[PDB]
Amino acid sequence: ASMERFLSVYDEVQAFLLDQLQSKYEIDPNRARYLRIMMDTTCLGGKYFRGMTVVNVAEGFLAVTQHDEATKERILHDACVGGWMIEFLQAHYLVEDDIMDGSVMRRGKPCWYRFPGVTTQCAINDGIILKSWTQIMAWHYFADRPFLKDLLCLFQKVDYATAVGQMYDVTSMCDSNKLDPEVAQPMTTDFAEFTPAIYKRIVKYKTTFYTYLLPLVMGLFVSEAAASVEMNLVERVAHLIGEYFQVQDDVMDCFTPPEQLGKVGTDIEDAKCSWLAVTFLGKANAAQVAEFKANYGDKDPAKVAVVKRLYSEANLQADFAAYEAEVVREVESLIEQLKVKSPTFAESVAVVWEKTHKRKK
């Protein structure tokens, strides 16, 4: 009902983008083609959680708010375009993240850079184009909209936030006091920065702003219902669900086979400050902690297997359920406080929470 409306607007956006390249950017048909496959491979294939949040939030408000048929048509269209803005922004992140994480598979297919006729050299620019598309979309479809200014200001701050998060994420396996562009960076030995506080910082910026804050508040913008809600609660609900979503993603990088995921894990091999590792060091004994340090951050399969072993043995799925329960408490609690000013946005969050809580992919 909304999903089919969503995916129809992509074709409309893609055509307006690719035609503009012909009529303004002197593009030859083969490059226009290349960019079509690029767009397809990088924007489609995923869960569309971020996009469909914008649309579900908008639909929410359209059931209680009196509008003419045309305005209802307009709000539903803006919401899909905004959804695609966020989806193109994630396309951009994944392309760039994959190169940064040396990944092999993504959404069941090879990573964009790993495509034989792409390579790292082109993918980098492809990523930049994906970003650039978000803005052309915005200015084109939203030029004459009351919400343009807010939308763009939020957007570019969500984006900055994400990139700051990546910085924390790719340097999470270095000792802070050793960071220096002049000197090649040695991987941590004491793992003293694998603390819940430092991990929560990584996840906040690299995930929660663009995966939760942005779509929720976006769907409010297209509805012009930003005043109708309590931001401090929206900020808090988004950061809490997002941290969970990332904790989820972390557990799956270890335990969920790529056949279902469908990407191949790299968190152990890459020395990532993952949820699994932090929790482990938060409970392990001296000897367990010792074996970890001699086997983590290495691409050697048996050393990765030694780490996967230690995680099963250290019974981490138990610390997961104590965290999951603690989250549902806090999530349900935060939804209650929202039922006051904005009942329609509370159930919107509830739906996004259910989607998130029961995801496996």
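All residue numbers are counted from 1 along the displayed sequence.
- Legend: mean Cα B-factor per stretch from the PDB entry, 29-37 versus 308-316; the higher mean is in 308-316.
- Relative to one another, 329-337 and 40-48 have unequal mean CA B-factors, and 329-337 is the one with the higher figure.
- Residue-level inspection of the entry shows that, of 285, 119, 134, 246, 285 has the top Cα B-factor.
- Residue-level temperature factors show residue 267 in the middle third of its chain, judged at the C-alpha atom.
- In the PDB entry, residue 251 places in the middle third of its chain by CA B-factor.
- The deposited CA B-factor of residue 275 belongs to the middle third of values across its chain.
- In this PDB entry, residue 289 carries a Cα temperature factor that places it within the highest third of its chain's modelled residues.
- In this PDB entry, the Cα temperature factor of residue 186 sits in the top third of its chain's modelled residues, the highest group.
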